[PDB]
Structures are given as structure tokens and as C-alpha cells.
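Chains as they are written, first to last, in PDB author numbering: chain D, 155 to 205; chain B, 350 to 398. C-beta: ideal position from N, C-alpha, C; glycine also. Everything below concerns the one structure shown next.
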Amino acid sequence: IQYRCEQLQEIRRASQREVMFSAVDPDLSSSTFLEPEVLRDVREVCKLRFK
Amino acid sequence: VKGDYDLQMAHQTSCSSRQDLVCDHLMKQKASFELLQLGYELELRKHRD
Numbered sequence: 155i156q157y158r159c160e161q162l163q164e165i166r167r168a169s170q171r172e173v174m175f176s177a178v179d180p181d182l183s184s185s186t187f188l189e190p191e192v193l194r195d196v197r198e199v200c201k202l203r204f205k
Numbered sequence: 350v351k352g353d354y355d356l357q358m359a360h361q362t363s364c365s366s367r368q369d370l371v372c373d374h375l376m377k378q379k380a381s382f383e384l385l386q387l388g389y390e391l392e393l394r395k396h397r398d
């Protein structure tokens, strides 16, 4: 039971972490802003399904 | 007739191009829905354990 609670607590802690998504200003070409891992992973998984 | 055909062919391309764009867009939307659906199935399995 303790093992299970610890696992769910870890998920709760991870959920409180604010993931910042960069503002799509069109004009601004280049700034290499780093894509959050979650957005990358979700995009890839969605691309793979799209293909 | 040739002139007309040419005109029609040209027209056909525009509609087909938008058709493909809409289809691919509609497909991108489906891919996102299937990912969420799978997410609910996995959660239900963990609740059963």
C-alpha cells in the first residue's frame, strides 16, 4: 500500500510543475526557443499516428 | 474546348489541393483524439489493479 501511495505522490508532484509553452509571435524568425519535452514527445507520438 | 479544359484542369487543382490540406488537418485532429482515448483506457486498467 505504501509503495502505491509513493508512486501516486510522485505523479502529483510532477503535475504541479508549470510547463511554459513559447508565444507564437509569427514574425520572429529565429529565436531557437527549446521545445518542452512533453510537447516534443506528444508531437512525435501525434506525428507518428498522423503518418 | 482546349481552352475550357485547360481552365477546368486548372480549377480542379485548387479544389484538390485544399481537399488534401483539409484531409491532412482532419487526420491530425484524429491522431490527437486517439491518443486521449488510449490515455483513458490505460487509467481504467490501473484503477482495476
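- B/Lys351 has a beta carbon lying at 9 Å or more from every beta carbon in chain D.
- Distance from D/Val173 to D/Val196 at the Cβ level is roughly 11 Å; contact not present, criterion being Cβ atoms closer than 8 Å.
- Pairing D/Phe187 with D/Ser176 gives a Cβ-Cβ distance under 9 Å.
- For D/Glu164 and D/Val178, the gap between their C-alpha atoms comes out near 32 Å.
- B/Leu384 sits close to D/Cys200, with the two beta carbons spaced by under 9 Å.
- Under the three-state reduction of DSSP output, D/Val192 falls in the helix class.
- Within chain B, the C-beta atoms nearer than 9 Å to that of D/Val199 come from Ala380 and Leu384, in chain order.
- Using a CB distance cut-off of 9 Å, D/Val196 counts as an interface residue toward chain B.
- The C-beta of D/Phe187 comes no closer than 9 Å to any C-beta of chain B.
- In the three-state reduction of the DSSP assignment, D/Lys205 falls in the coil class.
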